[PDB]
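The structure file query_14.pdb is reproduced below (PDB, C-alpha atoms).
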MODEL        1
ATOM      1  CA  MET C   1      12.661  46.723 -71.214  1.00  0.00           C
ATOM      2  CA  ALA C   2      15.844  44.657 -71.466  1.00  0.00           C
ATOM      3  CA  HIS C   3      17.203  41.158 -72.087  1.00  0.00           C
ATOM      4  CA  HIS C   4      20.710  40.667 -70.694  1.00  0.00           C
ATOM      5  CA  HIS C   5      21.840  37.216 -71.831  1.00  0.00           C
ATOM      6  CA  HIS C   6      22.981  35.599 -68.581  1.00  0.00           C
ATOM      7  CA  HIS C   7      21.897  33.955 -65.326  1.00  0.00           C
ATOM      8  CA  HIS C   8      18.472  34.791 -63.894  1.00  0.00           C
ATOM      9  CA  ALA C   9      18.602  36.603 -60.553  1.00  0.00           C
ATOM     10  CA  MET C  10      19.496  40.276 -60.975  1.00  0.00           C
ATOM     11  CA  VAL C  11      17.185  40.961 -63.918  1.00  0.00           C
ATOM     12  CA  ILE C  12      14.728  38.240 -62.909  1.00  0.00           C
ATOM     13  CA  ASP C  13      14.234  39.653 -59.413  1.00  0.00           C
ATOM     14  CA  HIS C  14      13.204  42.978 -60.950  1.00  0.00           C
ATOM     15  CA  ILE C  15      10.377  41.487 -63.011  1.00  0.00           C
ATOM     16  CA  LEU C  16       8.710  40.729 -59.678  1.00  0.00           C
ATOM     17  CA  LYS C  17       7.708  44.367 -59.205  1.00  0.00           C
ATOM     18  CA  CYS C  18       6.349  44.162 -62.752  1.00  0.00           C
ATOM     19  CA  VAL C  19       3.900  41.361 -61.963  1.00  0.00           C
ATOM     20  CA  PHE C  20       3.265  42.497 -58.390  1.00  0.00           C
ATOM     21  CA  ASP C  21       2.475  46.016 -59.602  1.00  0.00           C
ATOM     22  CA  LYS C  22      -0.474  45.207 -61.864  1.00  0.00           C
ATOM     23  CA  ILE C  23      -1.814  42.869 -59.181  1.00  0.00           C
ATOM     24  CA  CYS C  24      -2.344  45.965 -57.037  1.00  0.00           C
ATOM     25  CA  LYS C  25      -3.890  47.921 -59.911  1.00  0.00           C
ATOM     26  CA  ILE C  26      -6.890  45.631 -60.378  1.00  0.00           C
ATOM     27  CA  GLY C  27      -6.489  44.111 -56.927  1.00  0.00           C
ATOM     28  CA  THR C  28      -6.731  47.350 -54.960  1.00  0.00           C
ATOM     29  CA  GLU C  29      -9.557  48.600 -57.178  1.00  0.00           C
ATOM     30  CA  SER C  30     -11.646  45.562 -56.242  1.00  0.00           C
ATOM     31  CA  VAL C  31     -11.455  46.737 -52.629  1.00  0.00           C
ATOM     32  CA  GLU C  32     -14.269  49.125 -53.542  1.00  0.00           C
ATOM     33  CA  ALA C  33     -16.686  46.893 -55.452  1.00  0.00           C
ATOM     34  CA  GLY C  34     -16.164  44.402 -52.641  1.00  0.00           C
ATOM     35  CA  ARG C  35     -17.255  46.718 -49.838  1.00  0.00           C
ATOM     36  CA  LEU C  36     -19.804  48.533 -52.001  1.00  0.00           C
ATOM     37  CA  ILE C  37     -21.619  45.355 -53.039  1.00  0.00           C
ATOM     38  CA  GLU C  38     -21.523  43.807 -49.566  1.00  0.00           C
ATOM     39  CA  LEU C  39     -22.750  46.867 -47.668  1.00  0.00           C
ATOM     40  CA  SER C  40     -25.512  47.084 -50.274  1.00  0.00           C
ATOM     41  CA  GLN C  41     -26.893  43.724 -49.151  1.00  0.00           C
ATOM     42  CA  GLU C  42     -25.881  43.953 -45.492  1.00  0.00           C
ATOM     43  CA  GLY C  43     -22.097  43.945 -45.255  1.00  0.00           C
ATOM     44  CA  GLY C  44     -22.471  41.854 -42.123  1.00  0.00           C
ATOM     45  CA  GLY C  45     -23.750  38.317 -41.707  1.00  0.00           C
ATOM     46  CA  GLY C  46     -22.493  35.848 -39.129  1.00  0.00           C
ATOM     47  CA  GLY C  47     -20.182  38.592 -37.924  1.00  0.00           C
ATOM     48  CA  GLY C  48     -18.782  41.960 -38.938  1.00  0.00           C
ATOM     49  CA  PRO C  49     -16.802  43.360 -41.888  1.00  0.00           C
ATOM     50  CA  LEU C  50     -13.714  41.680 -40.434  1.00  0.00           C
ATOM     51  CA  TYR C  51     -14.999  38.315 -41.652  1.00  0.00           C
ATOM     52  CA  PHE C  52     -14.608  39.532 -45.234  1.00  0.00           C
ATOM     53  CA  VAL C  53     -10.979  40.581 -44.785  1.00  0.00           C
ATOM     54  CA  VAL C  54     -10.133  37.726 -42.419  1.00  0.00           C
ATOM     55  CA  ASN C  55     -11.412  35.085 -44.837  1.00  0.00           C
ATOM     56  CA  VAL C  56      -9.978  36.870 -47.876  1.00  0.00           C
ATOM     57  CA  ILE C  57      -6.579  37.736 -46.409  1.00  0.00           C
ATOM     58  CA  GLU C  58      -6.363  34.347 -44.698  1.00  0.00           C
ATOM     59  CA  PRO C  59      -5.557  32.495 -47.950  1.00  0.00           C
ATOM     60  CA  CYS C  60      -3.650  35.489 -49.315  1.00  0.00           C
ATOM     61  CA  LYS C  61      -1.136  35.233 -46.472  1.00  0.00           C
ATOM     62  CA  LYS C  62       0.020  31.732 -47.410  1.00  0.00           C
ATOM     63  CA  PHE C  63       0.231  33.059 -50.969  1.00  0.00           C
ATOM     64  CA  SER C  64       2.325  36.054 -49.908  1.00  0.00           C
ATOM     65  CA  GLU C  65       5.309  33.713 -49.622  1.00  0.00           C
ATOM     66  CA  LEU C  66       4.399  32.015 -52.902  1.00  0.00           C
ATOM     67  CA  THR C  67       4.702  35.211 -54.939  1.00  0.00           C
ATOM     68  CA  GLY C  68       8.260  35.412 -53.647  1.00  0.00           C
ATOM     69  CA  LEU C  69       9.144  31.788 -54.362  1.00  0.00           C
ATOM     70  CA  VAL C  70       8.422  32.229 -58.070  1.00  0.00           C
ATOM     71  CA  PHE C  71      10.644  35.264 -58.635  1.00  0.00           C
ATOM     72  CA  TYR C  72      13.329  33.957 -56.279  1.00  0.00           C
ATOM     73  CA  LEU C  73      13.290  30.154 -56.182  1.00  0.00           C
ATOM     74  CA  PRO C  74      11.860  29.160 -59.590  1.00  0.00           C
ATOM     75  CA  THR C  75      11.223  25.432 -59.984  1.00  0.00           C
ATOM     76  CA  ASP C  76      10.055  25.645 -63.598  1.00  0.00           C
ATOM     77  CA  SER C  77       8.262  27.743 -66.215  1.00  0.00           C
ATOM     78  CA  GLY C  78       5.338  27.780 -63.802  1.00  0.00           C
ATOM     79  CA  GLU C  79       5.744  25.143 -61.102  1.00  0.00           C
ATOM     80  CA  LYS C  80       5.351  27.213 -57.935  1.00  0.00           C
ATOM     81  CA  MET C  81       2.766  29.203 -59.891  1.00  0.00           C
ATOM     82  CA  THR C  82       0.604  26.424 -61.333  1.00  0.00           C
ATOM     83  CA  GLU C  83       0.866  24.768 -57.920  1.00  0.00           C
ATOM     84  CA  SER C  84      -0.273  27.891 -56.072  1.00  0.00           C
ATOM     85  CA  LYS C  85      -3.016  28.654 -58.595  1.00  0.00           C
ATOM     86  CA  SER C  86      -4.816  25.445 -57.625  1.00  0.00           C
ATOM     87  CA  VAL C  87      -5.235  27.049 -54.201  1.00  0.00           C
ATOM     88  CA  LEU C  88      -7.190  29.989 -55.612  1.00  0.00           C
ATOM     89  CA  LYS C  89      -9.842  27.671 -57.050  1.00  0.00           C
ATOM     90  CA  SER C  90      -9.876  25.407 -53.994  1.00  0.00           C
ATOM     91  CA  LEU C  91      -9.998  28.425 -51.681  1.00  0.00           C
ATOM     92  CA  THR C  92     -13.367  29.649 -52.951  1.00  0.00           C
ATOM     93  CA  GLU C  93     -14.707  26.274 -51.820  1.00  0.00           C
ATOM     94  CA  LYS C  94     -14.590  27.723 -48.305  1.00  0.00           C
ATOM     95  CA  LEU C  95     -16.500  30.850 -49.326  1.00  0.00           C
ATOM     96  CA  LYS C  96     -19.133  29.053 -51.401  1.00  0.00           C
ATOM     97  CA  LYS C  97     -19.826  26.750 -48.454  1.00  0.00           C
ATOM     98  CA  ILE C  98     -20.854  29.861 -46.520  1.00  0.00           C
ATOM     99  CA  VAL C  99     -24.367  28.987 -47.687  1.00  0.00           C
ATOM    100  CA  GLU C 100     -24.344  26.466 -44.840  1.00  0.00           C
ATOM    101  CA  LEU C 101     -23.620  29.182 -42.276  1.00  0.00           C
ATOM    102  CA  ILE C 102     -25.143  32.371 -43.679  1.00  0.00           C
ATOM    103  CA  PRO C 103     -27.046  31.789 -46.948  1.00  0.00           C
ATOM    104  CA  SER C 104     -28.445  35.302 -46.544  1.00  0.00           C
ATOM    105  CA  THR C 105     -25.294  36.845 -48.012  1.00  0.00           C
ATOM    106  CA  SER C 106     -24.830  34.009 -50.504  1.00  0.00           C
ATOM    107  CA  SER C 107     -27.008  36.127 -52.794  1.00  0.00           C
ATOM    108  CA  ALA C 108     -23.848  38.158 -53.390  1.00  0.00           C
ATOM    109  CA  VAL C 109     -22.141  35.105 -54.886  1.00  0.00           C
ATOM    110  CA  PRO C 110     -23.407  35.932 -58.401  1.00  0.00           C
ATOM    111  CA  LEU C 111     -22.766  39.609 -57.665  1.00  0.00           C
ATOM    112  CA  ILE C 112     -19.137  39.643 -56.532  1.00  0.00           C
ATOM    113  CA  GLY C 113     -18.464  36.448 -58.458  1.00  0.00           C
ATOM    114  CA  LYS C 114     -17.945  38.675 -61.487  1.00  0.00           C
ATOM    115  CA  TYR C 115     -14.719  39.909 -59.897  1.00  0.00           C
ATOM    116  CA  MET C 116     -13.650  36.470 -58.673  1.00  0.00           C
ATOM    117  CA  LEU C 117     -13.074  34.974 -62.123  1.00  0.00           C
ATOM    118  CA  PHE C 118     -11.665  38.358 -63.142  1.00  0.00           C
ATOM    119  CA  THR C 119      -8.496  38.043 -61.062  1.00  0.00           C
ATOM    120  CA  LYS C 120      -8.454  34.276 -61.588  1.00  0.00           C
ATOM    121  CA  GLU C 121      -7.838  34.974 -65.276  1.00  0.00           C
ATOM    122  CA  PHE C 122      -5.298  37.684 -64.456  1.00  0.00           C
ATOM    123  CA  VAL C 123      -3.180  35.547 -62.128  1.00  0.00           C
ATOM    124  CA  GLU C 124      -2.350  33.489 -65.215  1.00  0.00           C
ATOM    125  CA  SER C 125       0.063  36.296 -66.095  1.00  0.00           C
ATOM    126  CA  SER C 126       2.515  34.562 -63.761  1.00  0.00           C
ATOM    127  CA  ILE C 127       3.039  31.739 -66.252  1.00  0.00           C
ATOM    128  CA  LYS C 128       2.606  34.133 -69.176  1.00  0.00           C
ATOM    129  CA  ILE C 129       5.645  36.248 -68.309  1.00  0.00           C
ATOM    130  CA  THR C 130       7.817  33.218 -67.559  1.00  0.00           C
ATOM    131  CA  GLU C 131       6.810  31.972 -71.007  1.00  0.00           C
ATOM    132  CA  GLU C 132       9.406  34.426 -72.315  1.00  0.00           C
ATOM    133  CA  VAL C 133      12.243  33.072 -70.173  1.00  0.00           C
ATOM    134  CA  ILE C 134      11.158  29.458 -70.636  1.00  0.00           C
ATOM    135  CA  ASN C 135      13.041  29.610 -73.938  1.00  0.00           C
ATOM    136  CA  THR C 136      16.220  29.143 -71.902  1.00  0.00           C
ATOM    137  CA  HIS C 137      14.831  27.356 -68.845  1.00  0.00           C
ATOM    138  CA  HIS C 138      13.272  24.570 -70.915  1.00  0.00           C
ATOM    139  CA  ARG C 139      16.443  24.067 -72.954  1.00  0.00           C
ATOM    140  CA  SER C 140      18.987  23.949 -70.128  1.00  0.00           C
TER     141      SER C 140
ENDMDL
END
For this file, write the structure as structure tokens.
Amino acid sequence: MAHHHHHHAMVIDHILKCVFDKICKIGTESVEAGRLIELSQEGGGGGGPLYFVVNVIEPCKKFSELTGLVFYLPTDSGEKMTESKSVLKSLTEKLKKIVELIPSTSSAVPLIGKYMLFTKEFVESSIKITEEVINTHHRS
């Protein structure tokens, strides 16, 4: 869209809506395959449908502030990002362990898992975009 050779704050704060936009495109669309696949098996388990949004949004919350610390308080070409990404892989560890509580729904692991890695590979965009500004960040 533009370049504007200068400090990063006015034009850098705008890019946020650029990376946060797509996230909703494929992120909001998954809201269907997530409830469609679950309900197909049972959509319940140890509790109700709130356990799916409570366990999914739980980790997302702490990340909500992270998405704002990368487009506002950048520590590097992908510091706050690469540091927050490690949480996405370590987070699933809590969902995969569900087999110890309700292994009945675990059968969906290989079902919904197709979407899991999907976003995991999309979140990388965070460091991808910054790869364009790194040209200056790295230098100075």
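For the choices C:106, C:21, C:128, C:12, the atom-to-atom distance to residue C:43 is smallest for C:106 when using only C-alpha atoms.
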Evaluated on this file, the PyMOL selection byres ((chain C and resi 45-48) around 8) picks out some residues - which ones are they, written as a ChimeraX atom specification? /C:42-44,49-52,101-102,104-105
I need the residue set behind the PyMOL selection byres ((chain C and resi 17-19) around 10) for this file; please write it as a count of residues only. 15
Check what the PyMOL selection byres ((chain C and resi 108-113) around 12) selects in the file above and give those residues as a PyMOL selection string. chain C and resi 30-45+92-93+95-99+102-107+114-120
Choose the residue, out of C:78, C:27, C:59, C:68, that has the smallest atom-to-atom separation from residue C:94; count all atoms listed in the file. C:59
Atom pair atom CA of residue C:79 + atom CA of residue C:55, distance 25.6 Å
Mind pulling up the distance from atom CA of residue C:72 to atom CA of residue C:57?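 Separating atom CA of residue C:57 from atom CA of residue C:72 is a distance of 22.5 Å.
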Per residue of stretch 29-76 of chain C within 12 Å of stretch 80-84 of chain C, what are the shortest atom pair and its distance in Å to one decimal, counting only C-alpha atoms, with rows by chain and residue number, as a Markdown table?
| residue | atom | partner | partner_atom | distance |
| --- | --- | --- | --- | --- |
| C:59 | CA | C:84 | CA | 10.7 |
| C:60 | CA | C:84 | CA | 10.7 |
| C:62 | CA | C:84 | CA | 9.5 |
| C:63 | CA | C:84 | CA | 7.3 |
| C:64 | CA | C:84 | CA | 10.6 |
| C:65 | CA | C:84 | CA | 10.3 |
| C:66 | CA | C:84 | CA | 7.0 |
| C:67 | CA | C:81 | CA | 8.0 |
| C:68 | CA | C:80 | CA | 9.7 |
| C:69 | CA | C:80 | CA | 6.9 |
| C:70 | CA | C:80 | CA | 5.9 |
| C:71 | CA | C:80 | CA | 9.7 |
| C:72 | CA | C:80 | CA | 10.6 |
| C:73 | CA | C:80 | CA | 8.6 |
| C:74 | CA | C:80 | CA | 7.0 |
| C:75 | CA | C:80 | CA | 6.5 |
| C:76 | CA | C:80 | CA | 7.5 |
Pick from C:7, C:77, C:61, C:87: nearest to residue C:134, with only C-alpha atoms counted?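 The answer is C:77, which sits nearest to residue C:134.
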Suppose you want the space between atom CA of residue C:137 and atom CA of residue C:25; what is it in Å?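 A separation of 29.2 Å between them.
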